[PDB]
Each structure stands twice: as structure tokens, then as C-alpha cells.
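Each value in this text was obtained by applying a stated rule to the coordinates, not by laboratory testing. All Cβ positions, even for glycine, are placed from backbone atoms using ideal geometry, and neighbour counts span all protein chains on display.
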Amino acid sequence: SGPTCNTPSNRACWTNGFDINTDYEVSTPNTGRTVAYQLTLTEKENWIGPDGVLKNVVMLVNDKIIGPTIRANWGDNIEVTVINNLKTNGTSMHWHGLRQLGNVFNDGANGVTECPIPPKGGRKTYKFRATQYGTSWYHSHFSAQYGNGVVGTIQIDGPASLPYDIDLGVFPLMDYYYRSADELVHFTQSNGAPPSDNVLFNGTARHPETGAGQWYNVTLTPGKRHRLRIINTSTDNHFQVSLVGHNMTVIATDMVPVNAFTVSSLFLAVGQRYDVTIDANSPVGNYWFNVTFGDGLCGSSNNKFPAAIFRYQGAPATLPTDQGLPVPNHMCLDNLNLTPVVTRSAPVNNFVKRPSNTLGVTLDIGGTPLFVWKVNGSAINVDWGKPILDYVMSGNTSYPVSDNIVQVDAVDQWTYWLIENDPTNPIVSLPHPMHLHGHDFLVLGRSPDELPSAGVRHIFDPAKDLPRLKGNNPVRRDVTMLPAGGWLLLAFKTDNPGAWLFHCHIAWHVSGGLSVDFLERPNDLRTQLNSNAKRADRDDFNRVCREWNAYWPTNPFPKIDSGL
Ligand SMILES: *[C@@H]1O[C@H](CO)[C@@H](O[C@@H]2O[C@H](CO)[C@@H](O[C@@H]3O[C@H](CO[C@H]4O[C@H](CO)[C@@H](O)[C@H](O)[C@@H]4O)[C@@H](O)[C@H](O[C@H]4O[C@H](CO)[C@@H](O)[C@H](O)[C@@H]4O[C@H]4O[C@H](CO)[C@@H](O)[C@H](O)[C@@H]4O)[C@@H]3O)[C@H](O)[C@H]2NC(C)=O)[C@H](O)[C@H]1NC(C)=O
Ligand SMILES: *[C@@H]1O[C@H](CO)[C@@H](O[C@@H]2O[C@H](CO)[C@@H](O)[C@H](O)[C@H]2NC(C)=O)[C@H](O)[C@H]1NC(C)=O
Ligand SMILES: *[C@@H]1O[C@H](CO)[C@@H](O[C@@H]2O[C@H](CO)[C@@H](O)[C@H](O)[C@H]2NC(C)=O)[C@H](O)[C@H]1NC(C)=O
Ligand SMILES: *[C@@H]1O[C@H](CO)[C@@H](O)[C@H](O)[C@H]1NC(C)=O
Ligand SMILES: *[C@@H]1O[C@H](CO)[C@@H](O)[C@H](O)[C@H]1NC(C)=O
Ligand SMILES: *[C@@H]1O[C@H](CO)[C@@H](O)[C@H](O)[C@H]1NC(C)=O
Ligand SMILES: [Cu+2]
Ligand SMILES: [Cu+2]
Ligand SMILES: [Cu+2]
Ligand SMILES: [Cu+2]
């Protein structure tokens with residue numbers, strides 16, 4: 001079962017009984033369809049990458065620099081077989097943005113919900129249900145491994161908040177370094193974040209100097225409205241994108257459909273995606289799709305003009321001749337003035353800051369490593385052998401301190417968290433793209449918009465900010481900007497007993513230790529993981545752990561970072 005009333009003119013209707021107004025967190029289309037995918041990870045040394053430049057190593061999903069798309073319809077069940085044929089590295093496949101409702105075992109977080117799949121052809125078949133529709137991506141959680149090429153896309157078909165004719169498809173944008181993920185982890189352990197060596201466009205790159213590589217083409221059909229699925233799968237860079245000659249109508253933020261909001265330029269934090277509509281009401285010519293940067297505290301590239309080519313049907317095979325206008329500095333901040341079509345509502349008029357709901361982000365500049373990120377006084381450092389689920393599926397509640405477990409006992413109530421971005425640090429404060437596993441959150445509010453490099457600090461003040469907090473259907477998504485030198489307020493509803501990572505999606509920072517682990521409804525969760533139903537999941541879990549704990553001691557390399 002796919003659509004039965006989903007047409008160019010009526011995108012809001014999907015099938016009888018489901019549409020763009022249907023609360024997807026309650027009613028899910030029962031389609032008796034399952035879809036299977038296979039993903040095979042290989043490793044390649046001394047390889048020639050997208051832009052002709054030698055890469056000392058890369059790790060590829062299905063022999064390409066970018067993994068395939070996991071496609072399916074809202075409601076279908078999904079089984080994805082990850083085969084790890086890497087030489088030495090373990091792996092954890094995470095399905096970013098998936099709610100994993102009551103399905104923690106398949107989240108894909110090593111040391112948290114699973115043991116890493118061993119190299120040399122060890123595997124696991126991840127099973128899960130599409131209880132959402134929209135655009136996302138998947139990627140390794142095994143250290144910074146995805147920055148080596150272990151990344152890919154998701155696209156579950158569903159309704160839309162705005163009609164359109166063509167659906168171009170996913171459009172992954174991802175920063176590109178000639179250095180390897182492990183060299184960059186080692187580099188940033190005592191150096192600031194480097195710029196990218198290039199930007200990829202849906203799995204392609206063109207070199208600034210040698211003019212090698214190639215421009216990526218997107219074709220437009222004069223007049224017809226198109227839908228573009230933009231993903232930022234980077235490890236660091238936050239992209240400002242724009243299309244010369246055209247505006248872009250937002251109709252989805254992350255896995256959440258939203259009321260049509262048109263923009264001229266759009267800011268993409270790491271992990272964020274947006275679904276824009278593009279009306280091709282322009283002259284049959286060629287138009288730059290530009291990548292630009294704001295404050296360098298959230299990225300830059302050695303490629304000063306990365307772009308792709310959007311071409312009208314009938315247009316020649318020339319290049320765009322209009323270099324476009326100047327793009328405004330989005331100051332390392334994603335826009336919040338977006339209205340979800342399915343509405344939510346939390347009380348905000350009652351928020352009172354205290355230890356039990358406040359997460360303090362800090363950078364310990366000490367020694368070995370020089371740069372270390374900590375939350376609430378602790379750097380997270382999971383154990384690839386003994387995952388939190390283990391402590392849960394047994395009586396042991398003696399979790400290690402470095403697992404930074406934040407327990408939440410509230411049963412299906414709203415829960416408020418104020419993240420503070422190192423406010424007493426006079427020397428530095430960086431923007432962080434915060435991501436929650438297992439939930440979408442409402443973005444209740446954040447400190448006043450600032451230019452990061454101006455160093456303007458903001459601590460939470462009840463007298464100024466409570467009037468600015470929004471509890472009546474804010475933006476809700478899985479990624480949002482913690483402001484530089486500021487603070488962010490968030491809420492999710494503990495409706496999914498599990499252990500959920502809450503971390504920074506900058507590979508360098510989360511390797512540095514910038515994460516906590518929400519142990520949500522441990523009582524309910526244990527009963528779940530142990531129930532008859534889960535036998536096949538718990539047994540697989542237990543199985544992949546056995547082969548990893550056995551392999552581990554044969555590994556020639558140590559664990560250099562937190563593991564995440
Ligand atoms: C980034 O790079 C990737 C490549 O990795 C590229 O992805 C390619 O994306 C496109 C668009 O997302 C994919 O094209 C579509 O495939 C679906 C489903 O395919 C399945 O079914 C067919 C049936 O034989 C099988 O062959 C196939 O193997 C799959 O099982 C189709 O449904 C799509 O066709 C629809 O849209 C087309 C126009 O885009 C129409 O020609 C076609 O008639 C269909 O339109 C219909 O659907 C509408 C509903 O919305 C309906 O209202 C209309 O009336 C009509 O019924 C299309 O073929 C492609 O498979 C991807 N994979 C590749 C090529 O590797 C991205 O495109 C790229 N990103 C950008 C932006 O460049
Ligand atoms: C969008 O990208 C295009 C192509 O990369 C940019 O075109 C360049 O413009 C700069 C201006 O300094 C020139 O130095 C380059 O020679 C141009 N390259 C080409 C191929 O023409 C364009 O500048 C970009 N537009 C925006 C808004 O950033
Ligand atoms: C995962 O694979 C990569 C490639 O082997 C490992 O990175 C190498 O590891 C050593 C020891 O840490 C480094 O000194 C080298 O710089 C790395 N090689 C390159 C070219 O990047 C990494 O250590 C492996 N992780 C595991 C699971 O051991
Ligand atoms: C885009 O078109 C150019 C020339 O028209 C071609 O060289 C290039 O390979 C194309 N890009 C893709 C995605 O193949
Ligand atoms: C894009 O929007 C801006 C203002 O939002 C306006 O200047 C411009 O005319 C618009 N262009 C098109 C083609 O929609
Ligand atoms: C931060 O740590 C303090 C003291 O260890 C603890 O009381 C509090 O619960 C922590 N805050 C959060 C958000 O867990
Ligand atoms: Cu992710
Ligand atoms: Cu995630
Ligand atoms: Cu960070
Ligand atoms: Cu994560």
C-alpha cells in the first residue's frame with residue numbers, strides 16, 4: 001500500500017484515512033509491506049576521490065563515495081543488512097531522525113544499544129518500522145567513521161504541506177576533507193576545527209584548481225514546481241545554500257512537515273535537512289546552486305565557491321553566467337519561525353532553572369588531549385563491549401560515570417532541559433548543533449541572536465527570557481543550534497522507554513566527549529527488552545556483542561576518542 005490520493009494538485013492527501021494533518025506519532029498506516037536493503041562496507045587505501053585528489057583511505061557504502069537511499073512508504077517495515085567488510089574498524093549504523101518507537105535495539109549506537117559489528121565480514125540485519133515520513137540520512141556511530149564515507153540517505157514517501165509536480169529526490173550535501181577521519185580526530189584533539197577541502201554535491205565533487213572532478217547537474221521543467229530534499233551530512237561545516245534566480249519554499253524541517261515558508265537563502269546545521277519547493281518560473285538558462293558560509297566558527301572551505309548547476313530543460317550545456325547576489329550571514333543559527341502542521345503544546349510559563357534540568361557544556365583545556373568537551377563536568381566515553389542496554393537487561397544500575405547517564409522517570413510527561421554553552425569561559429565558546437536520539441524536541445527558546453565571533457555572552461535570565469520562550473507549537477525537529485556563548489531550552493515527551501544519546505553532531509566534538517545519555521523509563525524499558533516479543537532482538541544484540549568482544553583483542557589499533 002502506497003498512496004491512493006497523492007497527486008500533483010493534492011499532495012496533502014495520501015490515502016483515505018491519512019494525510020498531512022494526521023498525527024504521525026499516533027496513527028500509522030498498516031501496510032503489509034516489508035522492504036529489505038543490503039549495505040556492504042569496503043575499505044580502500046590510496047584511492048582517487050571525487051575531485052581527483054588522492055585519499056589515503058576511505059570507507060564506502062556499496063562501492064560508491066555515498067551510500068544508496070533507503071526508500072519506502074510511510075508505514076512499511078524495513079530490514080537493512082549491514083555487512084562490515086572493513087579491514088579493522090567496527091561499525092554502528094545509525095538511522096538519523098528515526099523515532100525508533102519502542103525499538104531501541106535497532107537505533108544503532110555502539111556502547112549504548114549495540115556492540116559494534118566486527119570487521120572481516122561480520123554483519124547484522126537492522127529491523128525497524130517507518131512511523132514517519134520525510135527526508136533523513138543514515139551514518140556510522142563508530143567514532144568519526146562516517147566522515148570516511150560511511151554515510152547515506154533515507155526517504156520515506158508520505159503527504160506534503162504544499163502541492164508540486166516533480167520530486168527531484170534527495171540532495172545530500174557534505175563537507176569533504178583529503179585527510180582521514182582518524183587523522184582529523186587526532187588533529188582536533190589539540191587544534192581548532194579545520195576548513196573542509198571541498199564540498200560534495202549528491203556524491204560528487206569538482207576541484208577548484210585542476211578544474212577536475214565535475215559539476216553536478218539538476219534539471220528543471222519550465223513552470224512545474226519541484227521538491228528538493230536537502231541534507232547536510234557533514235562532520236563539521238554548516239551550510240548556507242541558495243539558488244541564483246530563485247527562492248525556495250520550505251515545507252519540511254527534518255522529519256516534520258511545516259507550513260509553507262519561502263526563503264531566499266537557507267542555513268543547514270550538521271544533521272539537519274529541509275524539504276523545499278522550487279517553482280521554475282525563470283528564463284531557460286543556467287543557475288548556480290551556491291554553497292556559502294557565515295561566521296567561520298561553524299565552518300569554512302578551502303573551496304571558496306562550491307556549487308552545482310541547475311539547468312532548465314532545453315538549456316545548453318554551458319555554465320551559469322550570473323554569479324548571483326551576496327548571501328546574508330546566518331550567523332551560525334538556524335531559523336525558528338517555522339510552524340509544524342501537526343501542532344504541539346508545552347507549558348513554558350512555569351520553567352525554573354535548577355541542577356536536575358540543566359546540562360552544562362564545557363571545554364576542558366588541560367592536557368592530553370588539549371581539547372576535551374564535557375557535559376555537566378564529565379566527558380562521555382562509552383564501552384564498545386558493555387552497552388548500557390546490558391546494565392538495563394540485568395539488575396546492574398551501577399552505570400559508569402563516563403556514560404553520563406541522565407535518568408528520567410517521568411511517565412509520558414513533557415520534560416524540560418536547559419543547555420548552557422560554557423558561559424564562564426572568557427576565552428572561547430563555540431556553536432554546537434545538538435541532536436536527540438529517539439525523540440523530536442520542541443525548541444522552546446534560545447538566547448538572543450548574535451554574531452558568534454563578537455563573543456557576546458548570554459546567561460539564562462527568568463526576567464527577560466520567559467516572555468520570549470514559546471510553548472504554543474514551536475519548531476520541532478531532531479537537530480537545532482545551541483548558540484555560541486549562549487543557552488538553549490528544549491523539551492521532549494518521555495514516551496519511548498530507552499537509552500537516548502543527546503550530543504553534538506560535530507564529529508570532532510562528540511569524539512571529544514560532548515554527549516549525555518538519557519536513560520528514559522528504565523523500569524518500563526527493562527520489561528520491554530526482556531519480554532518474549534524482543535527475544536530475536538535481544539538475542540541478536542547479545543550475539544553481535546559476543547563476536548565483537550572476541551575480535552577486539554586482535555585489533556591492532558586503540559580507541560582514541562569517546563567512541564561516539
Ligand atoms: C541524488 O542522487 C541520487 C542517485 O543516488 C538520485 O536519486 C534518484 O532519485 C530519483 C528521484 O528521487 C529516483 O527516481 C524515482 O524512482 C521512483 C521509485 O523507483 C522505484 O520504482 C521503479 C518502478 O520501475 C523501479 O524502476 C525502481 O527501481 C524503484 O523500485 C519513481 O516513483 C520515480 O518516478 C516518479 O517520478 C518521476 C519523476 O521524477 C516520474 O517520471 C514517474 O512517473 C513517477 O512520477 C509519479 O509519481 C508521482 C507521485 O509523487 C505522481 O503524482 C505522478 O503522477 C507519477 O505517478 C522516479 O523514477 C531514482 O530512482 C533515484 N535513484 C537513482 C537514480 O540512483 C537523486 O535524484 C539525486 N538528487 C538530485 C536532486 O539530483
Ligand atoms: C556561485 O558559484 C559560482 C561558481 O563557482 C561562483 O562563480 C565565481 O565567482 C567568483 C567571484 O569571485 C569568481 O572568482 C569565480 O571565477 C567564479 N567561478 C565561475 C565558475 O564562474 C559564484 O561566485 C557563486 N555565487 C555566490 C553567491 O557565491
Ligand atoms: C579504524 O580504522 C582506521 C584505519 O586503520 C584506524 O586509523 C589508523 O589508526 C592508527 C592508530 O590509531 C592511527 O595512528 C592512523 O593514523 C590511522 N590510519 C589512518 C590512515 O587514518 C583506526 O585506528 C581504526 N579504529 C579501530 C577500531 O581500531
Ligand atoms: C553535468 O553535465 C556536465 C556537462 O554537461 C557533465 O560533464 C557532468 O558529468 C554532468 N554531471 C553529472 C552528474 O554527470
Ligand atoms: C524572492 O523573494 C524576495 C523577497 O522574499 C524577492 O526579493 C524576490 O522577488 C523573490 N523572487 C522570486 C522569483 O520569487
Ligand atoms: C549535573 O550534575 C549534578 C551534580 O553531579 C547533578 O545533581 C545534576 O543532576 C546534573 N544535571 C543534569 C542535567 O543531570
Ligand atoms: Cu546523525
Ligand atoms: Cu540520531
Ligand atoms: Cu560541538
Ligand atoms: Cu548520534
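Taking amide hydrogens as modeled 1.01 Å from N in the peptide plane, which residues meet the under 5 Å criterion relative to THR480, leaving out close sequence neighbours?
Long-range HN contacts for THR480: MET434.
So what is the relative contact order for segment 160-342, in percent, with contacts set as C-alpha pairs under 8 Å and at least six apart?
Answer for segment 160-342 is 26 percent.
Using 0.36 nm per residue, how much length does the chain from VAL263 to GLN323 gain when fully extended, once their Cα-Cα distance is taken away?
19.7 nm
If neighbour count is taken as other Cβ atoms inside 10 Å, put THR292, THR424, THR135, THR113 in order from fewest to most.
Values: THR292 21, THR424 10, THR135 25, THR113 28.
In order of increasing Cβ crowding within 10 Å: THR424, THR292, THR135, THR113.
At a Cα cut-off below 26 Å, give the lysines reachable from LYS534, other chains included and same-chain residues fewer than 8 away excluded.
Counting by Cα, and skipping residues close in sequence, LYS534 has these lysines nearby: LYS124, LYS127, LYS386, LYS493.
If I stretch the segment between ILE427 and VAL411 completely, what's the gain in nm (0.36 nm per residue apart, minus their alpha carbon distance), one decimal? Mind dumping the intermediate values first?
Working: separation 16, 0.36 × 16 = 5.76 nm, distance 4.09 nm.
Roughly 1.7 nm would be gained on extension.
Could you calculate the FRET efficiency of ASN191 with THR343 from 1/(1 + (r/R0)^6), where r is the beta carbon distance between them and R0 is 45 Å, rounded to 0.05? Each step should come with its number before you reach the end.
Numbers: r = 45 Å, r/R0 = 1.00.
That gives a FRET efficiency of 0.50.
Would you mind giving the average projected area, over all directions, of the Cα convex hull of the chain in nm² with one decimal?
Answer in nm², one decimal: 24.5.
Considering only DSSP beta bridges whose two residues both sit in the chain, what percent are antiparallel, to the nearest 5?
Numbers: 98 of 132 bridges.
Restricted to the chain, the bridges split so that about 75 percent are antiparallel.
Would you mind checking the pairs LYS64/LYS374; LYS120/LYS559; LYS64/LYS120; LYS304/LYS559; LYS120/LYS374 and listing those with alpha carbons more than 30 angstrom apart?
In this structure, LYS64/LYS374; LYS304/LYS559; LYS120/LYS374 lie more than 30 Å apart at Cα.
What FRET efficiency comes out for the pair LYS224/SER531, r = Cβ-Cβ distance, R0 = 51 Å, nearest 0.05? Could you put the intermediate results ahead of the total?
Numbers: r = 50 Å, r/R0 = 0.98.
Here the calculated transfer efficiency is 0.55.
Hey, how many Å between the Cα centroid of segment 170-229 and the Cα centroid of segment 271-300?
Answer, in whole Å: 13.
Grab the Cα-Cα distance for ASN357 and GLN38, subtract it from 0.36 nm times how many residues apart they are, and report the gain in nm with one decimal. Provide the component values of the computation, followed by the final result.
Numbers: separation 319, 0.36 × 319 = 114.84 nm, distance 4.11 nm.
Roughly 110.7 nm would be gained on extension.
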